[PDB]
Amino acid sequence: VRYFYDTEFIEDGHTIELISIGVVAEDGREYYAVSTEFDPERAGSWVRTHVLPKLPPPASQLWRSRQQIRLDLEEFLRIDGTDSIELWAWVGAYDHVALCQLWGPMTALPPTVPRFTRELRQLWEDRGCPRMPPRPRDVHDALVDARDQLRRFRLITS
């Protein structure tokens, strides 16, 4: 049913070039990958500072082509499976576009992937902004961030 995701990327007002994506399922399963296809030379100061140094070493099998990440997510999200799929992120408009663009134009998204991502900050506000734990030390690592979103959701819906 529910997946919580977050991405890092280099975005210049025109494209969103995926660096990494973390996805964590309410059931416990976790997926993380880093694209071998973004150009680190195109990163701005902020991304160079906060994002790139947290990436796995270059030898890690966590580094994957975009075709591999798409295929990995079709499996991970169980797109062919029995359960309905619900995607969640925090303040995730660009995250949703980054995800969908692994498949192409919005058209190309598998029939069972939702055409919207539920906005965890909206749920949080709707429930009176209950106290959340402080942000993890390793923010801007997309798996750490994705994990933190499931944590928040569990707390909010507790």
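Start at 1 with the first residue shown and count on from there.
Select between 95 to 103 and 33 to 41 the stretch whose C-alpha atoms have the higher average B-factor in the entry.
Mean CA B-factor is higher for 33 to 41.
Please work out which of 17 to 25 and 139 to 147 has the higher mean CA B-factor as recorded in the PDB entry.
Per the deposited B-factors, the answer is 139 to 147.
Sort the modelled residues of this chain by their C-alpha B factor and say whether residue 109 lands in the lowest, middle or highest third.
For residue 109, whose C-alpha B-factor we compare with every modelled residue in the chain, the answer is the highest third.
Looking at the temperature factor on the CA atom of residue 50, which third of the chain's modelled residues does it land in?
Residue 50: CA B-factor falls in the highest third of its chain.
Classify residue 131 as lowest, middle or highest third according to the C-alpha B-factor given in the PDB entry, relative to its own chain.
For residue 131, whose C-alpha B-factor we compare with every modelled residue in the chain, the answer is the highest third.
Can you tell me which third, lowest, middle or highest, the CA B-factor of residue 79 falls into for its chain?
Tercile = highest for this residue's CA B-factor.
Where the record places residue 120 (Cα B-factor, split into thirds across the chain):
Its C-alpha B-factor belongs to the middle third of this chain's values.
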